[PDB]
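> The following block contains the structure, expressed as structure tokens.
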Amino acid sequence: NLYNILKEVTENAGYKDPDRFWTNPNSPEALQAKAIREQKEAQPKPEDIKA
Amino acid sequence: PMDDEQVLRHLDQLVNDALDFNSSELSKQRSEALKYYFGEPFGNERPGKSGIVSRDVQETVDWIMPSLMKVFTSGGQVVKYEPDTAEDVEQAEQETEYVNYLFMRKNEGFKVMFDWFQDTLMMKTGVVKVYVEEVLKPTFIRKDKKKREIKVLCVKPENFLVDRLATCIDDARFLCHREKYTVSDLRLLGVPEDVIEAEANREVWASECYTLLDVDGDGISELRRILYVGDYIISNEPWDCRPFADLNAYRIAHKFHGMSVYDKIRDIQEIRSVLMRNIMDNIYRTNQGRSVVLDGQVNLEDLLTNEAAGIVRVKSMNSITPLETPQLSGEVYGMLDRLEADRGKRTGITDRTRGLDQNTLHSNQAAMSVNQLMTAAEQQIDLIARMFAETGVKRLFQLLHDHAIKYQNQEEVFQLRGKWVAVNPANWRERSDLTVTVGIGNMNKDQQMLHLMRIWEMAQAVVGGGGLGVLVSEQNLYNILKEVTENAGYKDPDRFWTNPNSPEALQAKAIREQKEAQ
Amino acid sequence: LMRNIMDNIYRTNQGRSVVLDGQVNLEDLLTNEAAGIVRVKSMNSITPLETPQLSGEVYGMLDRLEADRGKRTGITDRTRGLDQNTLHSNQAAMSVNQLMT
Amino acid sequence: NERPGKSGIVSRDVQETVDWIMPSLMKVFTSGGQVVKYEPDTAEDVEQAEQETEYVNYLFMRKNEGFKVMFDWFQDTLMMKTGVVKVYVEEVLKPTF
Amino acid sequence: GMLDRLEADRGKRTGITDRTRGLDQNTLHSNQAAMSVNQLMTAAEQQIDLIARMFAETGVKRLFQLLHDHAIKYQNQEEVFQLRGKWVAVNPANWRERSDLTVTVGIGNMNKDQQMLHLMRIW
Amino acid sequence: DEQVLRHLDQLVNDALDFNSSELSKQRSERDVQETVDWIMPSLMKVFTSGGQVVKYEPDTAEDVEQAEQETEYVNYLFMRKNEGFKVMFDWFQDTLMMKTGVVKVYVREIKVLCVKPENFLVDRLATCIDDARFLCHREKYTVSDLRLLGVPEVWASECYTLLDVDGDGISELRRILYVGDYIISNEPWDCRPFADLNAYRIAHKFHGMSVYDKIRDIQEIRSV
Amino acid sequence: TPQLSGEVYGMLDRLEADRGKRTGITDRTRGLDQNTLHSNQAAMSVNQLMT
Amino acid sequence: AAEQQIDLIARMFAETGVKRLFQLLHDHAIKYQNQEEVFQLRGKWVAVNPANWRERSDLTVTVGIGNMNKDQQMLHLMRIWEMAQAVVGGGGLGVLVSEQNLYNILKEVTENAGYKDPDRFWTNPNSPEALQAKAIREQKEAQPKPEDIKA
């Protein structure tokens, strides 16, 4: 719903779909981001030479 | 039932009546307005009196016009067809750029607006004419002949006769527009006798008539344009429409023509001129010395020193008396501030074309003194520009008429080389002016700082916690950067930083990311 | 009010017969309602013939009338915002909501 | 009530009121089609309400004589005390030829 | 303040608004570029017609004797900011924000960052 | 020596009725004595700085034919060769003084001549400044004219009008000099060596307005 | 002619102030703040003097 | 005071001195000598070859054109002072009457005092040192602001 806040802000600006999407509510790219791309960049990412 | 040779005399009778109807009132009004514009005397000046005149239309015109020039001529994106979305480059973008060359860079440039906007400001209306012309000079390899083109011009607005029951451009039962058409051009057209009249040009003023009648003895058909000479032999064919603009410029009620700043401000400038003339009278007459007679008889002091009061004081022995004739009040000069507020607030609220500072820098506190004081709280000039565009789209539509009829198989060079047949295009009869005028369309500074404060920086602040993984991708940020660069003056070449989406970027982006991830 | 102000200034700017009594029938009725310069009548001296000027306090109503001319529906000043010298400062909620719209 | 031979100056005051009332209505109503909503049942909105409200909007957005009609509304209301328009139906053409 | 009031055609018409003017000057320049350059077009037409074997002067580059196949004479030069109107919008923010929050030049930026010098170091 | 000659002579004689007899009043109303030095003298970079403001740029048929060579050659006449930078700004000076600037290309090579546009007599009504009813210019043309072929107080030349003096097939524009007892040489060209460029505020009239023209009241109000 | 007194304007002002005191209290009921702006000192002068 | 008769006397002697000043024109035209003056500068040239010109005017002395001391004092010191302050404040500095004319507008007081050259800095009729100082000021006050982002 923070994304809904941002989408309302952008609608106030006047950019619904193309320029400022800022919605990503539940979409396969958004699903793979929040559940995999963000998660695979947080849980298993700290495995560098420092680890 | 046949109606032949009667239309000649009928419109001959109509011309004089229409001229009596129009020129007596409207021509006199606009000519008086022009005389006011060029400081012709108003009547309050008398011999040995003031001479100050009213000169105020100049500054309001010179405050309104530059904004119109800076807002109109900006790229070739002024008018968008907005057709069905998928196939647009074939006609929606091709024909706009086609009319870009055939209107801009070919026909007088943006000076056409400078030759028509004043008509919408001085003449209460600006009405263009769209006319056919032919091009020549083949091989005399360039074996191309009889080229066709069409331009747009004035017809001396004093020569725009309209019927008495039209009130709209596409309602004129009678229309008349006349041009020079020298006698050598008549001989080019094979005129077989003399004219209405040492010089080949015998003062021939050819008249063009747009009227609908019944020559074929059938139902009332479309108008047939007539090229007259002296109320004589004609050239009539089934025509298409009226190639005109008719910018009322204020959208008055349903009348033939609209109204101008002249009709608004003639009386205000008249009272201003009267005030200045009376101020000069206070300076001049009220400050006259005389013979300085206490009472005296002296035949009214030698009849006011022979109606002059210049140099005489001999009455009998009169003592020192300045003889100060009573003068004007002190509020007359203080009335200047009130009347300046009265008139400047009408349409030129930006005193000296702009509102800015010299002592303190104009920062951007919050919402930019919101939206430029709400576009100076909806200045009427913006709405006048909106009406200008919404009615001048008719110019493009009239162009597209003849383009779809027949022009050429010409090729143009917008952003590339190689274009194709425009012999049989689609007009699409649908246009738009969304991002140019009163429509939401946040202005240059407004959009700039709005994006800077609430889009450019809010994202850069929120990215600290969540990150760009789900937030704005690179392509959208680059689109915002691209519009920012266009706000800097040039869309592409101002500040590239671009690389939005391409194998030279996206594939390069992936391979570079894996380069730094190994 | 504008008509009366302009007619006051017209009557004041117009000259007189420059006479106290005269014997030329008001100097030919002010030179046939003109009265440019005529003082030769009998013995009258050149006198500007002052006229009672109106009260300036009448102007004190015009601005009030200005308020009247907006008090009905549009007393808002010209509905055009101009900030030349001092910018639009805001403390909290923009003086809330621009004085509640 | 004009007296000839003197100043017959007529001060125009209504024009300012009308000409600064006009832009407010224009600015309010000349922005897309956000002005009017159809308010459907919560479960299904775009299926028949959003699409058809935007359809009617386009039938007033650039598919029917633009916004000069709105200006005529407002002029006829403010000046002649009442603004009225009519909505009629015409036939379309361009068959095979 | 009578003289100052009557000077509306002296100070205000002179394109002075406490340095906040010049639209009259810009309009005059654009009109001259669209009117005086017509004299240049006429001169070129006369040199094509009433002259032949033309040359070049003060540059010693190359003589254009003949073969003027075509010409589309028009100008566009009055569309620039005054001193920093086109820069102050994103002058100190692009380099200090785009590469600061996300220092990933190449993915999130471009080589045109060097062009920043062309707008900052150069000027 | 036909009726065309008499018509041209009468047109030249009656040309100066208003072209150079009433526009001079647009000179004084003074303010341009510093306003020009505040705008025109500082506009040196506006006119005489830049080769992109003056660009030909034709279509794909001719793109690298004379794109820069023509501009480079013309840049000589732009400054220091013929009608130089000061002489080109003389057009703006004449626009500030008599509400119109002139660059008259009177002519293998030509030069923008006829400075001091107060010598631009016309038929008192042009409305086009390119294709008017008639046009003229003032030249000295003294008696000592050994340079010219035959010419033996007298100041009259260049009677190039758009009237019916062509005699060939139509009322065409053939350039010729003044009569001078039949001393005019034909030249069938449409050069029309005149500009009449107001370049400040030019409507559909004979000529535009000057800086002092818009400040006529201020001329006697800012000093008197 | 017998000119009217200058206190008639005071009579107009008194009658207008009386009318305002009766029903239309707030002066013009409008806010035009271009140079003179409200200053926050305590709870917005609290609640604009309790409305 | 409606062409005071003292001002009449001054006007008519000012205009009748034109002939006796034509006499001095003739005296200069025939021959005097070829030295230099003693006013406004060090060094002047020879003007012993003039043209009679048959025309001379003395209209700048009295209530005629005549910018007399009373009118100059009052008109300048009140009206042109107010107008100059208005122009400088919000009327404009680089477009309207500027320093190059402010020197002239402020030299009027010095002319009333009689000293032209050595009192005020405001002369610059055509001065190279003032232009060089202006260029130096621009160079020394422009650079740091661009340099801040140039780093």
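Chain identifiers are assigned as A, B, and so on, following the order in which chains appear in the structure tokens; residues are numbered from 1 within each chain, and ligands are numbered from 1 in order of appearance.
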Tell me which protein, DNA and RNA residues are within 9 Å of residue 50 (chain E), counting only C-alpha atoms, leaving out same-chain ones fewer than 3 positions away, and put them as a list in words.

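After dropping sequence-adjacent residues, the list is residues 45, 46 and 47 of chain E; 107, 108, 109, 110 and 189 of chain F.
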
> Taking the backbone alone, and naming residues the way the document does, which bits of region 164-365 of chain B are helix (DSSP H, G or I) by DSSP, as a PyMOL selection string?

chain B and resi 169-171+183-188+261-287+298-307+331-347+351-353

> Would you list the contacts of region 65-74 of chain D as an mmCIF file with N, CA and C atoms, in the first residue's frame, taking every protein, DNA or RNA residue within 9 Å and counting only C-alpha atoms, but skipping same-chain residues closer than 3 positions in sequence?


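Done, and the output landed in around.cif:
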```cif
data_model
loop_
_atom_site.group_PDB
_atom_site.id
_atom_site.type_symbol
_atom_site.label_atom_id
_atom_site.label_comp_id
_atom_site.auth_asym_id
_atom_site.auth_seq_id
_atom_site.Cartn_x
_atom_site.Cartn_y
_atom_site.Cartn_z
ATOM 1 N N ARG B 251 -14.344 34.197 -28.375
ATOM 2 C CA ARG B 251 -15.543 33.367 -28.322
ATOM 3 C C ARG B 251 -16.715 34.133 -27.710
ATOM 4 N N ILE B 252 -17.093 35.206 -28.397
ATOM 5 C CA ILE B 252 -18.294 35.963 -28.073
ATOM 6 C C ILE B 252 -19.498 35.102 -28.433
ATOM 7 N N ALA B 253 -20.697 35.551 -28.064
ATOM 8 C CA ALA B 253 -21.916 34.810 -28.368
ATOM 9 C C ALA B 253 -22.090 34.658 -29.876
ATOM 10 N N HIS B 254 -23.154 33.985 -30.304
ATOM 11 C CA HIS B 254 -23.209 33.493 -31.675
ATOM 12 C C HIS B 254 -23.328 34.646 -32.663
ATOM 13 N N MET B 387 -8.210 28.891 -27.191
ATOM 14 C CA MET B 387 -9.162 29.114 -28.274
ATOM 15 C C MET B 387 -8.446 29.244 -29.612
ATOM 16 N N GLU B 390 -7.552 25.687 -30.643
ATOM 17 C CA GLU B 390 -8.729 24.868 -30.903
ATOM 18 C C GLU B 390 -9.434 25.285 -32.183
ATOM 19 N N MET D 22 -15.122 33.073 -15.865
ATOM 20 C CA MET D 22 -14.943 32.083 -16.928
ATOM 21 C C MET D 22 -13.752 31.150 -16.716
ATOM 22 N N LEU D 25 -14.245 28.036 -14.234
ATOM 23 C CA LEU D 25 -15.036 26.941 -14.781
ATOM 24 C C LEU D 25 -14.264 26.204 -15.865
ATOM 25 N N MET D 26 -13.569 26.948 -16.731
ATOM 26 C CA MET D 26 -12.792 26.300 -17.782
ATOM 27 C C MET D 26 -11.717 25.391 -17.195
ATOM 28 N N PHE D 29 -13.216 22.235 -15.616
ATOM 29 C CA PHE D 29 -13.849 21.256 -16.490
ATOM 30 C C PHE D 29 -13.013 20.850 -17.699
ATOM 31 N N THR D 30 -11.950 21.575 -18.024
ATOM 32 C CA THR D 30 -11.110 21.216 -19.170
ATOM 33 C C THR D 30 -9.895 20.409 -18.715
ATOM 34 N N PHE D 60 -17.563 13.119 -25.878
ATOM 35 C CA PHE D 60 -17.397 14.552 -25.702
ATOM 36 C C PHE D 60 -15.942 14.996 -25.786
ATOM 37 N N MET D 61 -14.982 14.071 -25.700
ATOM 38 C CA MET D 61 -13.564 14.419 -25.806
ATOM 39 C C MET D 61 -13.139 14.266 -27.260
ATOM 40 N N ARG D 62 -13.132 15.381 -27.993
ATOM 41 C CA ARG D 62 -12.517 15.475 -29.313
ATOM 42 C C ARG D 62 -13.268 14.683 -30.377
ATOM 43 N N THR D 77 -25.256 30.889 -19.817
ATOM 44 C CA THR D 77 -25.688 30.982 -18.427
ATOM 45 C C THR D 77 -25.440 32.377 -17.871
ATOM 46 N N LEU D 78 -24.189 32.837 -17.930
ATOM 47 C CA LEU D 78 -23.823 34.079 -17.258
ATOM 48 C C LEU D 78 -24.506 35.284 -17.890
ATOM 49 N N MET D 79 -24.524 35.356 -19.219
ATOM 50 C CA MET D 79 -25.037 36.540 -19.900
ATOM 51 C C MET D 79 -26.561 36.534 -19.982
ATOM 52 N N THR D 82 -29.449 31.883 -18.606
ATOM 53 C CA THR D 82 -29.740 30.459 -18.736
ATOM 54 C C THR D 82 -29.010 29.865 -19.932
ATOM 55 N N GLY D 83 -28.247 28.799 -19.707
ATOM 56 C CA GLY D 83 -27.508 28.124 -20.761
ATOM 57 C C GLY D 83 -28.074 26.735 -21.008
ATOM 58 N N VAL D 84 -28.442 26.482 -22.262
ATOM 59 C CA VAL D 84 -29.092 25.240 -22.661
ATOM 60 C C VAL D 84 -28.463 24.759 -23.961
ATOM 61 N N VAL D 85 -28.324 23.440 -24.103
ATOM 62 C CA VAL D 85 -27.916 22.827 -25.362
ATOM 63 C C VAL D 85 -28.851 21.664 -25.654
#
```

> Please, which residues in chain B fall within 7 Å of chain H when counting only C-alpha atoms, and what is the closest atom pair and distance in Å to one decimal for each, ordered by chain then residue number, as a tab-separated table?


```
residue	atom	partner	partner_atom	distance
B:288	CA	H:2	CA	5.6
B:289	CA	H:2	CA	5.0
B:310	CA	H:2	CA	5.9
B:311	CA	H:3	CA	6.8
```

> Keeping only N, CA and C atoms, write the selected residues as a compact mmCIF listing (two decimals), in the first residue's frame.


```
# COMPACT_ATOMS: atom_id res chain seq x y z
N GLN B 288 -0.49 80.98 -14.95
CA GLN B 288 -0.31 82.18 -15.76
C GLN B 288 -0.38 83.41 -14.87
N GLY B 289 0.67 84.24 -14.91
CA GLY B 289 0.62 85.53 -14.27
C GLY B 289 -0.09 86.56 -15.12
N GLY B 310 0.68 88.13 -21.18
CA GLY B 310 2.10 87.84 -21.20
C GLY B 310 2.94 88.87 -20.48
N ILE B 311 3.04 90.07 -21.04
CA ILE B 311 3.81 91.13 -20.41
C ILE B 311 3.05 92.45 -20.44
```

> At a cut-off of 10 Å, list the chain A residues touching chain B, using only C-alpha atoms, as a short mmCIF file (atom, residue, chain, number, x, y, z; two decimals) with N, CA and C atoms, in the first residue's frame.


```cif
data_model
loop_
_atom_site.label_atom_id
_atom_site.label_comp_id
_atom_site.auth_asym_id
_atom_site.auth_seq_id
_atom_site.Cartn_x
_atom_site.Cartn_y
_atom_site.Cartn_z
N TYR A 3 3.05 1.55 -2.19
CA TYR A 3 3.01 1.72 -3.63
C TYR A 3 1.71 2.37 -4.07
N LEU A 6 2.23 6.00 -3.45
CA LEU A 6 3.05 6.58 -4.51
C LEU A 6 2.26 6.72 -5.81
N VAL A 9 0.17 9.72 -5.54
CA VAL A 9 1.01 10.90 -5.73
C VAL A 9 1.27 11.13 -7.21
N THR A 10 1.57 10.07 -7.95
CA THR A 10 1.84 10.20 -9.37
C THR A 10 0.59 10.61 -10.14
N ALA A 13 0.41 14.09 -9.82
CA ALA A 13 1.30 14.64 -10.83
C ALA A 13 0.70 14.49 -12.23
N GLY A 14 0.12 13.33 -12.53
CA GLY A 14 -0.54 13.13 -13.81
C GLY A 14 0.10 12.07 -14.69
N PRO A 18 2.44 4.77 -17.97
CA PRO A 18 3.74 4.58 -18.63
C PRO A 18 4.94 5.01 -17.81
N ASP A 19 4.93 6.26 -17.36
CA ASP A 19 6.13 6.88 -16.82
C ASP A 19 6.37 6.45 -15.37
N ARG A 20 5.42 6.74 -14.49
CA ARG A 20 5.55 6.42 -13.07
C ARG A 20 4.50 5.36 -12.75
N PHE A 21 4.87 4.09 -12.95
CA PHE A 21 3.98 3.01 -12.56
C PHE A 21 3.82 3.03 -11.04
N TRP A 22 4.91 2.74 -10.32
CA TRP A 22 4.97 2.78 -8.86
C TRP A 22 3.80 2.05 -8.19
N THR A 23 3.21 1.07 -8.87
CA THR A 23 2.14 0.26 -8.29
C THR A 23 2.65 -1.10 -7.84
N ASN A 24 3.16 -1.91 -8.78
CA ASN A 24 3.66 -3.26 -8.55
C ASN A 24 2.87 -4.02 -7.49
N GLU A 29 6.47 -10.17 -12.41
CA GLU A 29 7.73 -9.50 -12.15
C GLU A 29 7.80 -9.01 -10.71
N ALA A 30 6.71 -8.43 -10.20
CA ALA A 30 6.69 -7.98 -8.81
C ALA A 30 6.72 -9.15 -7.85
N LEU A 31 6.05 -10.25 -8.19
CA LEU A 31 6.10 -11.44 -7.34
C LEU A 31 7.51 -12.00 -7.26
N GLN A 32 8.17 -12.14 -8.42
CA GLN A 32 9.54 -12.64 -8.44
C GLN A 32 10.50 -11.66 -7.78
N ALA A 33 10.15 -10.37 -7.76
CA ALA A 33 10.98 -9.39 -7.08
C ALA A 33 10.85 -9.51 -5.57
N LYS A 34 9.63 -9.32 -5.05
CA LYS A 34 9.43 -9.30 -3.61
C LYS A 34 9.72 -10.66 -2.97
N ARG A 37 13.64 -12.06 -6.11
CA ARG A 37 14.74 -11.16 -6.45
C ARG A 37 15.22 -10.38 -5.22
N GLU A 38 14.29 -9.84 -4.44
CA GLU A 38 14.68 -9.22 -3.17
C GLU A 38 15.15 -10.25 -2.16
N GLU A 41 18.52 -11.68 -3.01
CA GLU A 41 19.54 -10.65 -2.82
C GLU A 41 19.69 -10.26 -1.36
N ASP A 48 30.14 -13.40 0.11
CA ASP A 48 31.32 -12.91 -0.59
C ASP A 48 32.58 -13.30 0.19
#
```

> Select from chain D every residue with an atom at most 12 Å from any atom of chain A, then for each give the shortest pair of atoms and their distance in Å to one decimal, using only C-alpha atoms, rows by chain and rising number, as CSV.


```
residue,atom,partner,partner_atom,distance
D:31,CA,A:14,CA,10.8
D:32,CA,A:14,CA,10.7
D:34,CA,A:11,CA,11.1
```

> With C-alpha atoms retained, export the selected residues as a PDB file, in the first residue's frame.


```
ATOM      1  CA  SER D  31      -9.085  18.332 -17.738  1.00  0.00           C
ATOM      2  CA  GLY D  32      -9.610  14.898 -19.276  1.00  0.00           C
ATOM      3  CA  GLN D  34     -11.970  12.793 -14.337  1.00  0.00           C
TER       4      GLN D  34
END
```

> Mind listing as a PyMOL selection string which residues of chain D are within 12 Å of chain C, counting only C-alpha atoms?

chain D and resi 1-24

> Write down as a list in words the residues of region 35-224 of chain F whose backbone DSSP state falls under strand (DSSP E).

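Taking region 35-224 of chain F and keeping strand (DSSP E) only, one gets residues 104, 105, 112 and 113 of chain F.
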
> Which residue is closest to chain B? Choose from D:90, D:76, D:96, D:39 and count only C-alpha atoms.

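Distance minimum relative to chain B lands on D:76.
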
> Which residues come within 8 Å of region 77-82 of chain E, counting only C-alpha atoms, excluding same-chain residues fewer than 6 positions away, as a list in words?

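Here the qualifying residues turn out to be residues 489 of chain B; 26, 29 and 30 of chain E; 52 and 53 of chain F.
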
> Could you take the residues named above and write them with N, CA and C atoms, as a short mmCIF file (atom, residue, chain, number, x, y, z; two decimals), in the first residue's frame?


```cif
data_model
loop_
_atom_site.label_atom_id
_atom_site.label_comp_id
_atom_site.auth_asym_id
_atom_site.auth_seq_id
_atom_site.Cartn_x
_atom_site.Cartn_y
_atom_site.Cartn_z
N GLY B 489 15.61 22.55 -22.91
CA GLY B 489 15.55 23.18 -24.21
C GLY B 489 15.56 22.21 -25.37
N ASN E 26 14.09 39.36 -27.89
CA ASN E 26 14.07 38.03 -28.51
C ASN E 26 13.14 38.00 -29.72
N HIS E 29 14.83 39.84 -32.57
CA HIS E 29 15.88 39.02 -33.16
C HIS E 29 15.30 37.92 -34.04
N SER E 30 14.25 37.25 -33.56
CA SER E 30 13.62 36.19 -34.36
C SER E 30 13.00 36.76 -35.63
N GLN F 52 25.05 29.03 -37.31
CA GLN F 52 23.88 28.16 -37.32
C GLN F 52 22.58 28.94 -37.50
N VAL F 53 22.54 30.20 -37.06
CA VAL F 53 21.36 31.03 -37.28
C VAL F 53 21.14 31.25 -38.77
#
```

> Show me a table, sorted first by chain and then by increasing residue number, of the residues of chain H having an atom at most 9 Å from chain E, each with its shortest atom pair and the distance in Å to one decimal, counting only C-alpha atoms and written as a Markdown table.


```
| residue | atom | partner | partner_atom | distance |
| --- | --- | --- | --- | --- |
| H:79 | CA | E:3 | CA | 7.7 |
| H:80 | CA | E:3 | CA | 8.9 |
| H:82 | CA | E:1 | CA | 8.1 |
| H:83 | CA | E:4 | CA | 6.1 |
| H:86 | CA | E:4 | CA | 8.1 |
| H:87 | CA | E:11 | CA | 7.9 |
| H:88 | CA | E:18 | CA | 8.1 |
| H:89 | CA | E:18 | CA | 7.8 |
| H:90 | CA | E:18 | CA | 5.2 |
| H:91 | CA | E:18 | CA | 5.1 |
| H:92 | CA | E:18 | CA | 3.6 |
| H:93 | CA | E:18 | CA | 6.5 |
| H:94 | CA | E:19 | CA | 6.5 |
| H:95 | CA | E:16 | CA | 5.5 |
| H:96 | CA | E:16 | CA | 6.0 |
| H:97 | CA | E:11 | CA | 8.6 |
| H:146 | CA | E:120 | CA | 6.7 |
| H:147 | CA | E:121 | CA | 7.3 |
| H:149 | CA | E:120 | CA | 6.2 |
| H:150 | CA | E:121 | CA | 4.4 |
| H:151 | CA | E:121 | CA | 7.5 |
```

> Please, which residues of chain C lie no more than 9 Å from chain G when the count uses only C-alpha atoms, and can they be set out as a JSON list (two decimals) with C-alpha atoms, in the first residue's frame?


```
[["chain", "number", "residue", "atom", "x", "y", "z"],
["C", 52, "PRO", "CA", -17.38, 75.70, -6.38],
["C", 54, "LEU", "CA", -16.97, 69.30, -5.59],
["C", 55, "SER", "CA", -15.99, 67.51, -2.39],
["C", 57, "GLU", "CA", -14.36, 62.99, -0.11],
["C", 58, "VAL", "CA", -16.62, 61.56, -2.83],
["C", 60, "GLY", "CA", -13.60, 58.01, -0.60],
["C", 61, "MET", "CA", -16.68, 56.09, -1.76],
["C", 67, "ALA", "CA", -15.35, 46.54, -2.56],
["C", 71, "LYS", "CA", -18.69, 42.06, -2.34],
["C", 75, "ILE", "CA", -14.45, 40.50, -3.94],
["C", 76, "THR", "CA", -11.32, 38.39, -4.44],
["C", 77, "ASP", "CA", -8.65, 40.69, -5.84],
["C", 81, "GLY", "CA", -1.81, 35.99, -7.88],
["C", 82, "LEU", "CA", 1.18, 38.34, -8.07],
["C", 83, "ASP", "CA", 4.17, 38.11, -5.70],
["C", 85, "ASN", "CA", 8.92, 41.41, -3.81],
["C", 86, "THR", "CA", 7.92, 39.06, -0.97],
["C", 87, "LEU", "CA", 7.42, 35.37, -1.72],
["C", 88, "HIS", "CA", 4.56, 33.15, -0.52],
["C", 89, "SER", "CA", 5.86, 31.95, 2.84],
["C", 90, "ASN", "CA", 4.23, 28.95, 4.53],
["C", 91, "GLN", "CA", 4.63, 27.88, 8.16],
["C", 92, "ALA", "CA", 2.33, 24.86, 8.57],
["C", 95, "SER", "CA", -1.38, 28.97, 6.31],
["C", 98, "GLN", "CA", -4.41, 29.08, 1.79],
["C", 99, "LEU", "CA", -6.81, 30.41, 4.44],
["C", 100, "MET", "CA", -9.14, 27.47, 3.71],
["C", 101, "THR", "CA", -9.41, 28.09, -0.03]]
```

> Quick one: distance from CA of residue 24 (chain F) to CA of residue 125 (chain F) in Å, one decimal?

15.5 Å
